[PDB]
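Colleague: Contents of protein.cif (mmCIF, C-alpha atoms and all ligand atoms) are given next:
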```
data_start
#
loop_
_atom_site.label_atom_id
_atom_site.label_comp_id
_atom_site.auth_asym_id
_atom_site.auth_seq_id
_atom_site.Cartn_x
_atom_site.Cartn_y
_atom_site.Cartn_z
CA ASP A 2 17.07 20.73 -5.00
CA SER A 3 17.94 17.04 -5.16
CA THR A 4 19.27 14.04 -7.04
CA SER A 5 17.85 10.57 -6.83
CA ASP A 6 18.13 7.36 -8.79
CA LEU A 7 15.16 5.05 -8.98
CA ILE A 8 14.35 1.61 -10.33
CA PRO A 9 11.89 2.32 -13.17
CA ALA A 10 8.19 1.69 -12.61
CA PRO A 11 6.99 -1.45 -14.38
CA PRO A 12 4.49 -1.25 -17.19
CA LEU A 13 0.92 -1.64 -15.94
CA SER A 14 0.55 -4.70 -18.13
CA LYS A 15 2.74 -6.49 -15.58
CA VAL A 16 0.40 -5.58 -12.74
CA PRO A 17 -2.66 -7.90 -12.48
CA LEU A 18 -6.06 -6.71 -11.35
CA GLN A 19 -8.14 -8.82 -8.94
CA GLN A 20 -11.04 -10.29 -10.99
CA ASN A 21 -14.59 -9.39 -9.94
CA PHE A 22 -13.33 -6.98 -7.24
CA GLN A 23 -15.86 -6.62 -4.42
CA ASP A 24 -15.58 -3.14 -2.93
CA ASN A 25 -17.79 -3.86 0.09
CA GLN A 26 -15.76 -6.95 1.11
CA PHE A 27 -12.45 -5.09 0.97
CA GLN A 28 -13.55 -2.70 3.75
CA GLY A 29 -12.29 -2.61 7.29
CA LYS A 30 -8.85 -2.86 8.82
CA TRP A 31 -5.76 -4.28 7.11
CA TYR A 32 -2.24 -4.57 8.56
CA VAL A 33 0.73 -3.77 6.41
CA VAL A 34 2.64 -7.03 6.66
CA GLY A 35 4.95 -6.46 3.68
CA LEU A 36 6.23 -3.56 1.60
CA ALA A 37 8.24 -3.50 -1.59
CA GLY A 38 9.11 -0.62 -3.87
CA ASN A 39 11.67 1.59 -5.50
CA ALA A 40 11.82 3.79 -2.42
CA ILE A 41 11.74 0.86 0.02
CA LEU A 42 15.15 -0.11 1.38
CA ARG A 43 15.81 -2.84 3.93
CA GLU A 44 17.63 -1.21 6.89
CA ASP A 45 18.84 -3.33 9.84
CA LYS A 46 19.08 0.02 11.68
CA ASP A 47 15.62 1.30 12.73
CA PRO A 48 13.41 -1.43 11.22
CA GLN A 49 10.08 -0.41 9.71
CA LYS A 50 7.19 -0.75 12.21
CA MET A 51 3.92 -2.26 11.16
CA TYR A 52 1.03 0.12 10.62
CA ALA A 53 -2.62 -0.41 9.80
CA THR A 54 -4.91 0.97 7.14
CA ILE A 55 -8.71 1.17 7.33
CA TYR A 56 -10.89 1.29 4.20
CA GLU A 57 -14.41 2.63 4.53
CA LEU A 58 -16.69 2.56 1.51
CA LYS A 59 -18.65 5.74 1.14
CA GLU A 60 -22.09 6.34 -0.31
CA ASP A 61 -20.57 7.40 -3.64
CA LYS A 62 -18.33 4.28 -3.71
CA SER A 63 -15.12 6.12 -3.04
CA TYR A 64 -13.07 4.91 -0.05
CA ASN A 65 -12.13 6.96 2.94
CA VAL A 66 -8.73 5.46 3.72
CA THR A 67 -7.08 5.99 7.11
CA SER A 68 -3.64 4.78 8.04
CA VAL A 69 -2.60 4.64 11.66
CA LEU A 70 1.13 4.72 12.47
CA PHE A 71 3.06 4.73 15.73
CA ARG A 72 5.59 7.54 15.54
CA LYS A 73 7.42 9.48 18.20
CA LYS A 74 5.49 7.72 20.95
CA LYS A 75 2.08 8.75 19.48
CA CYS A 76 -0.57 7.51 17.07
CA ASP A 77 -0.38 9.41 13.78
CA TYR A 78 -3.41 9.22 11.46
CA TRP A 79 -3.20 9.83 7.64
CA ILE A 80 -6.59 10.21 5.94
CA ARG A 81 -7.15 10.32 2.18
CA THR A 82 -9.70 9.34 -0.48
CA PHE A 83 -9.47 6.65 -3.16
CA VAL A 84 -11.74 7.47 -6.08
CA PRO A 85 -12.88 4.63 -8.39
CA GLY A 86 -10.78 4.45 -11.55
CA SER A 87 -10.89 2.84 -14.96
CA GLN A 88 -11.93 -0.65 -13.72
CA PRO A 89 -13.15 -2.34 -10.55
CA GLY A 90 -10.32 -2.56 -8.04
CA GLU A 91 -8.47 0.39 -9.55
CA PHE A 92 -8.48 3.88 -7.93
CA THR A 93 -6.85 7.26 -8.06
CA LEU A 94 -6.18 9.61 -5.12
CA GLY A 95 -8.90 12.17 -4.53
CA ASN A 96 -8.05 15.88 -4.37
CA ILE A 97 -4.65 15.50 -6.03
CA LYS A 98 -4.43 19.31 -6.28
CA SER A 99 -4.15 19.55 -2.52
CA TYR A 100 -0.82 17.71 -2.48
CA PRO A 101 2.05 19.90 -3.63
CA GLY A 102 4.14 18.40 -6.42
CA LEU A 103 1.81 15.44 -6.95
CA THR A 104 0.65 14.86 -10.49
CA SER A 105 -0.63 11.30 -10.46
CA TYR A 106 -1.49 8.58 -7.96
CA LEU A 107 -2.77 5.18 -9.01
CA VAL A 108 -3.95 2.24 -6.93
CA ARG A 109 -4.55 -1.27 -8.29
CA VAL A 110 -5.73 -4.20 -6.16
CA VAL A 111 -3.70 -7.09 -7.57
CA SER A 112 -5.15 -9.95 -5.55
CA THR A 113 -7.12 -10.54 -2.37
CA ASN A 114 -9.31 -13.09 -0.67
CA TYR A 115 -10.90 -10.30 1.38
CA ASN A 116 -10.81 -12.07 4.75
CA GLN A 117 -7.05 -12.79 5.09
CA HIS A 118 -4.75 -11.12 2.61
CA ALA A 119 -4.37 -8.67 -0.25
CA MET A 120 -1.64 -7.28 -2.49
CA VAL A 121 -2.06 -3.75 -3.76
CA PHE A 122 0.07 -1.82 -6.24
CA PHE A 123 0.62 1.96 -5.94
CA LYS A 124 2.23 4.33 -8.38
CA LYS A 125 2.78 8.00 -7.75
CA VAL A 126 4.43 10.79 -9.67
CA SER A 127 5.74 13.52 -7.38
CA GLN A 128 8.05 16.38 -8.38
CA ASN A 129 8.22 14.44 -11.63
CA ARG A 130 9.68 11.32 -9.89
CA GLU A 131 7.89 8.04 -10.39
CA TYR A 132 7.59 5.93 -7.23
CA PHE A 133 5.97 2.55 -7.01
CA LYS A 134 5.28 0.06 -4.29
CA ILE A 135 3.44 -3.11 -3.56
CA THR A 136 1.80 -3.46 -0.20
CA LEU A 137 1.03 -6.84 1.29
CA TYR A 138 -1.98 -6.48 3.58
CA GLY A 139 -3.12 -9.02 6.15
CA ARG A 140 -6.32 -9.04 8.23
CA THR A 141 -3.98 -10.25 10.97
CA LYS A 142 -0.39 -9.20 11.74
CA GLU A 143 1.10 -12.52 10.60
CA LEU A 144 0.87 -14.26 7.25
CA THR A 145 2.05 -17.63 5.98
CA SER A 146 5.43 -18.22 4.41
CA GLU A 147 3.52 -19.17 1.28
CA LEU A 148 1.90 -15.76 1.03
CA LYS A 149 5.14 -13.99 1.79
CA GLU A 150 6.95 -16.04 -0.90
CA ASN A 151 4.20 -15.14 -3.38
CA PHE A 152 4.67 -11.47 -2.46
CA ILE A 153 8.44 -11.67 -2.91
CA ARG A 154 8.00 -13.44 -6.27
CA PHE A 155 5.54 -10.79 -7.45
CA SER A 156 7.81 -7.94 -6.31
CA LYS A 157 10.74 -9.41 -8.17
CA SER A 158 8.61 -9.73 -11.32
CA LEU A 159 8.32 -5.93 -11.14
CA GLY A 160 12.07 -5.47 -11.07
CA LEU A 161 12.60 -5.21 -7.33
CA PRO A 162 15.55 -6.97 -5.74
CA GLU A 163 15.28 -8.52 -2.26
CA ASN A 164 16.82 -5.50 -0.52
CA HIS A 165 13.82 -3.40 -1.66
CA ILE A 166 11.40 -5.68 0.19
CA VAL A 167 10.69 -5.35 3.90
CA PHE A 168 8.35 -7.00 6.37
CA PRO A 169 7.35 -4.44 9.01
CA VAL A 170 7.77 -5.62 12.60
CA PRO A 171 4.45 -6.28 14.39
CA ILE A 172 3.68 -3.80 17.15
CA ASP A 173 0.76 -3.36 19.57
CA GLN A 174 0.68 0.44 19.90
CA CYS A 175 -2.03 2.25 17.96
CA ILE A 176 -2.87 -0.42 15.45
CA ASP A 177 -4.83 -2.82 17.76
CA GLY A 178 -7.65 -0.33 18.25
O1 LIG B 201 7.40 4.56 -2.55
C1 LIG B 201 6.44 4.64 -1.79
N1 LIG B 201 6.49 4.38 -0.49
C2 LIG B 201 7.71 3.99 0.19
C3 LIG B 201 8.34 5.16 0.92
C4 LIG B 201 7.34 5.77 1.91
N2 LIG B 201 7.93 6.97 2.52
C5 LIG B 201 8.48 6.77 3.86
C6 LIG B 201 7.31 6.55 4.83
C7 LIG B 201 6.67 7.86 5.30
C8 LIG B 201 5.57 7.60 6.32
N3 LIG B 201 4.32 7.30 5.58
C9 LIG B 201 3.57 8.45 5.08
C10 LIG B 201 2.42 8.80 6.02
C11 LIG B 201 1.77 10.13 5.62
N4 LIG B 201 1.53 10.18 4.19
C12 LIG B 201 1.27 11.30 3.51
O2 LIG B 201 1.05 12.34 4.05
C13 LIG B 201 1.16 11.27 2.02
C14 LIG B 201 0.52 12.33 1.39
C15 LIG B 201 0.38 12.33 0.01
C16 LIG B 201 0.86 11.26 -0.75
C17 LIG B 201 1.50 10.19 -0.13
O3 LIG B 201 1.96 9.22 -0.78
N5 LIG B 201 1.67 10.21 1.26
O4 LIG B 201 2.32 9.08 1.84
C18 LIG B 201 3.94 6.04 5.40
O5 LIG B 201 4.59 5.10 5.84
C19 LIG B 201 2.70 5.73 4.61
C20 LIG B 201 1.65 5.10 5.23
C21 LIG B 201 0.52 4.75 4.50
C22 LIG B 201 0.44 5.03 3.16
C23 LIG B 201 1.47 5.68 2.52
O6 LIG B 201 1.39 5.94 1.33
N6 LIG B 201 2.62 6.01 3.23
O7 LIG B 201 3.72 6.61 2.61
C24 LIG B 201 7.93 8.17 1.93
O8 LIG B 201 8.31 9.19 2.51
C25 LIG B 201 7.45 8.31 0.52
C26 LIG B 201 8.40 8.51 -0.47
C27 LIG B 201 8.02 8.64 -1.80
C28 LIG B 201 6.68 8.55 -2.16
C29 LIG B 201 5.71 8.34 -1.18
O9 LIG B 201 4.48 8.30 -1.51
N7 LIG B 201 6.09 8.24 0.18
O10 LIG B 201 5.05 7.98 1.15
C30 LIG B 201 5.11 4.98 -2.37
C31 LIG B 201 4.92 4.71 -3.72
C32 LIG B 201 3.71 4.99 -4.33
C33 LIG B 201 2.69 5.54 -3.59
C34 LIG B 201 2.90 5.85 -2.23
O11 LIG B 201 1.97 6.34 -1.56
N8 LIG B 201 4.08 5.54 -1.58
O12 LIG B 201 4.21 5.91 -0.16
CL CL B 202 -1.55 1.63 3.15
SM SM B 203 3.09 7.48 0.43
#
```
Would you encode the structure as structure tokens?

Modeller:
Amino acid sequence: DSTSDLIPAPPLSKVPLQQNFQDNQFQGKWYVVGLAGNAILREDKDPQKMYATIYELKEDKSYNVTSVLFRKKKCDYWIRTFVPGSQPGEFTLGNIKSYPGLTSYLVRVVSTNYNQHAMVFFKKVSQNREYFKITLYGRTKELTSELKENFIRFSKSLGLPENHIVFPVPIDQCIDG
């Protein structure tokens, strides 16, 4: 039982796809340097900590995707599969049936230069609620003001105000491995 009110997901036509996406070059570790979405809310109290996400390309060209978070004084590891979707750089979540309430989960790589930064769009329908976010990934924990301004501009183009954009605080626990 619940009530919630969400900013509507944008149409996919507003979400670019990285041209000539290179699945091998996207592999390895990325830090989550920025997050924006309709369930992201900037909170001065308990600021969001940076986490890292590792993409490994499998034989069948799916990704094993592992996020590492520091929570309650320990490293917490979330492992899932991204299955290639309708075009290069687009994916859906593998094994959707295994996640209660989940009916769709879409990933689109918007832009990346592979060796410094990426922006990736996610849309999920869970218990019939449509959540979306944009993740700004960096190969390092810092990115330029330019890249952050680009991220903010892109987020706003998808109907997100500034208070639904956060920049997780760099940490050293867990994510330096
Ligand atoms: O709105 C979104 N995110 C902002 C709020 C995140 N959050 C607060 C943080 C929670 C902490 N965890 C989750 C870590 C564990 N994860 C999961 O066992 C998981 C299983 C199945 C689907 C799924 O999505 N998750 O996360 C992250 O920090 C984390 C890290 C890396 C990737 C990732 O996805 N998450 O969440 C939520 O509780 C939340 C609310 C609504 C939808 C949703 O998916 N999540 O995770 C969102 C929109 C569209 C796709 C999507 O995956 N997300 O998370
Ligand atoms: Cl992630
Ligand atoms: Sm999630």

Colleague: At what distance in Å, to one decimal, does CA of residue 143 in chain A lie from CA of residue 65 in chain A?

Modeller: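 A separation of 24.8 Å between them.
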
Colleague: Neighbours of ligand LIG 201 (chain B) within 6 Å, counting all atoms listed in the file, as number ranges by chain?

Modeller: A: 38-41, 68, 79, 123-125, 132-134

Colleague: Grab the residues selected above and save them as a CSV table (one decimal), keeping the file's coordinate frame with C-alpha atoms.

Modeller:
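The resulting out22.csv:
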```
chain,number,residue,atom,x,y,z
A,38,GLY,CA,9.1,-0.6,-3.9
A,39,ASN,CA,11.7,1.6,-5.5
A,40,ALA,CA,11.8,3.8,-2.4
A,41,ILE,CA,11.7,0.9,0.0
A,68,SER,CA,-3.6,4.8,8.0
A,79,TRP,CA,-3.2,9.8,7.6
A,123,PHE,CA,0.6,2.0,-5.9
A,124,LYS,CA,2.2,4.3,-8.4
A,125,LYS,CA,2.8,8.0,-7.8
A,132,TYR,CA,7.6,5.9,-7.2
A,133,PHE,CA,6.0,2.6,-7.0
A,134,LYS,CA,5.3,0.1,-4.3
```

Colleague: Hey, which residues sit close to ligand CL 202 (chain B)? Say within 10 Å, counting only C-alpha atoms and all ligand atoms, and write them as a PyMOL selection string.

Modeller: chain A and resi 31-33+36+52-56+66-69+79+121+123+135-138

Colleague: Kindly give the distance, in Å, that separates CA of residue 76 in chain A and CA of residue 112 in chain A, rounded to a single decimal.

Modeller: 28.9 Å

Colleague: What gap, in Å, lies between CA of residue 167 in chain A and CA of residue 145 in chain A?

Modeller: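 Calculated distance between CA of residue 167 in chain A and CA of residue 145 in chain A is 15.2 Å.
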
Colleague: For ligand SM 203 (chain B), which of A:87, A:4, A:127, A:20 is the closest residue, counting all atoms listed in the file?

Modeller: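 Closest residue, counting all atoms listed in the file: A:127.
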
Colleague: My list of candidates is A:120, A:8, A:108, A:172. Which is closest to ligand SM 203 (chain B) when distances are computed with all atoms listed in the file?

Modeller: A:108

Colleague: Residues near residue 28 in chain A, anyone? I mean within 9 Å using all atoms listed in the file, not counting same-chain ones fewer than 4 positions away, as a PyMOL selection string.

Modeller: chain A and resi 24+55-58+64+115

Colleague: Just checking: using all atoms listed in the file, which residue out of A:84, A:170, A:111, A:34 ends up closest to residue 59 in chain A?

Modeller: A:84

Colleague: If we count all atoms listed in the file, what is near residue 11 in chain A at a cut-off of 10 Å, once residues fewer than 3 positions away on the same chain are taken out, given as a list in words?

Modeller: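 Contacts, in chain order: residues 8, 14, 15, 16, 124, 133, 158, 159, 160 and 161 of chain A.
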
Colleague: Which of these, A:140, A:72, A:81, A:50, has the shortest distance to ligand SM 203 (chain B) once you count all atoms listed in the file?

Modeller: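 Comparing A:140, A:72, A:81, A:50 against ligand SM 203 (chain B), the winner is A:81.
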
Colleague: Please provide as a ChimeraX atom specification all residues within 10 Å of range 99-102 of chain A, with the sequence filter that same-chain residues fewer than 6 positions apart are discarded (counting only C-alpha atoms).

Modeller: /A:126-130
